[PDB]
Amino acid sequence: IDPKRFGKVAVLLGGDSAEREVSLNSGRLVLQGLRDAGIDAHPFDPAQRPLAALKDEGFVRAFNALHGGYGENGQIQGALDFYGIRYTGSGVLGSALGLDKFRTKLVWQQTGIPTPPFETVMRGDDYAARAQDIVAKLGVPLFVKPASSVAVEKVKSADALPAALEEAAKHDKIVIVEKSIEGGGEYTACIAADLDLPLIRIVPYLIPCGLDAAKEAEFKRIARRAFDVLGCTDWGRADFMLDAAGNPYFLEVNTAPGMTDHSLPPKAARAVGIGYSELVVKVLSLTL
């Protein structure tokens, strides 16, 4: 794994967004991580420098250490594709779709990645027909919310649901109707190439996460399936929760995880004896 098979590497850090400082700190650590492994890596701040200078200066690849704005929403990914520059994290579709919480859940639910159950209704639909089918699938009580401030309406009886769909659709073109579920723990699965990273339990944090080895293995596999259906590369976090019976429900992905000393992927890696430098190289290797 000869460093320099990587060629000239740009670390994208800084940017225009509100998280500029976290990006700057995170990027500097990534840069040092790459240099410790003998990789020819250089900082590149797209807020300070024209993006076309990447191609003009002979950069072949980029480690994306940006957060927020154009860094994670498909914009910089599309631009970098345009200039022939390879980059860590996911492409245009996976990055854009990953930020779109609503459409991520639609893709998941249609493909059998478990996610909190729900149905959608639009202005003009046959509310009586949709109500009957929704009650059959989801039971009651149900929560009605716009899909794009507003309070969640709780609907307690099958018979009252048509009217709630009618009333919600007057204000919002698209409405989600969600099943009632009990919170039974929140968790995150870090994915970094082929590395075996342990789950983390979030306590509003914890390794070991407190799940048994069979469940840990099963949830990590589902996490990778959840990335696959979105068109995401294997770099990121998948957040999920359990109900009281221990069933998993996936909530969202993050395709641009933190890389500060206290961020989750370095913490997970440390927990199983994997150092910061090894982590960053493994992430960059996905661009080879």
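When you see a residue number, it is the position in the sequence shown, counting from 1.
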property	result
Sequence continuity check, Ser148 and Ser149 (deposited residues unmodelled)	1 to 3
Extent of unmodelled deposited sequence, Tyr205 relative to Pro204	10 or more
Per the entry, higher mean C-alpha B factor between 113 to 121 and 160 to 168	160 to 168
Residue range whose averaged C-alpha B-factor is higher in the record, 264 to 272 or 16 to 24	16 to 24
Out of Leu80, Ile174, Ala189, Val152, highest CA B-factor residue	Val152
Most elevated Cα B-factor in the entry, residues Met241, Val253, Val229, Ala37	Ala37
CA B-factor placement of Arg61, once the chain's modelled residues are sorted into thirds	middle
Among modelled residues of the same chain, the CA temperature factor third for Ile181	highest
For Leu51, the third of its chain into which the C-alpha B factor falls	highest
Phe44 by Cα B-factor - lowest, middle or highest third of the modelled chain	highest
Where the record places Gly258 (Cα B-factor, split into thirds across the chain)	middle
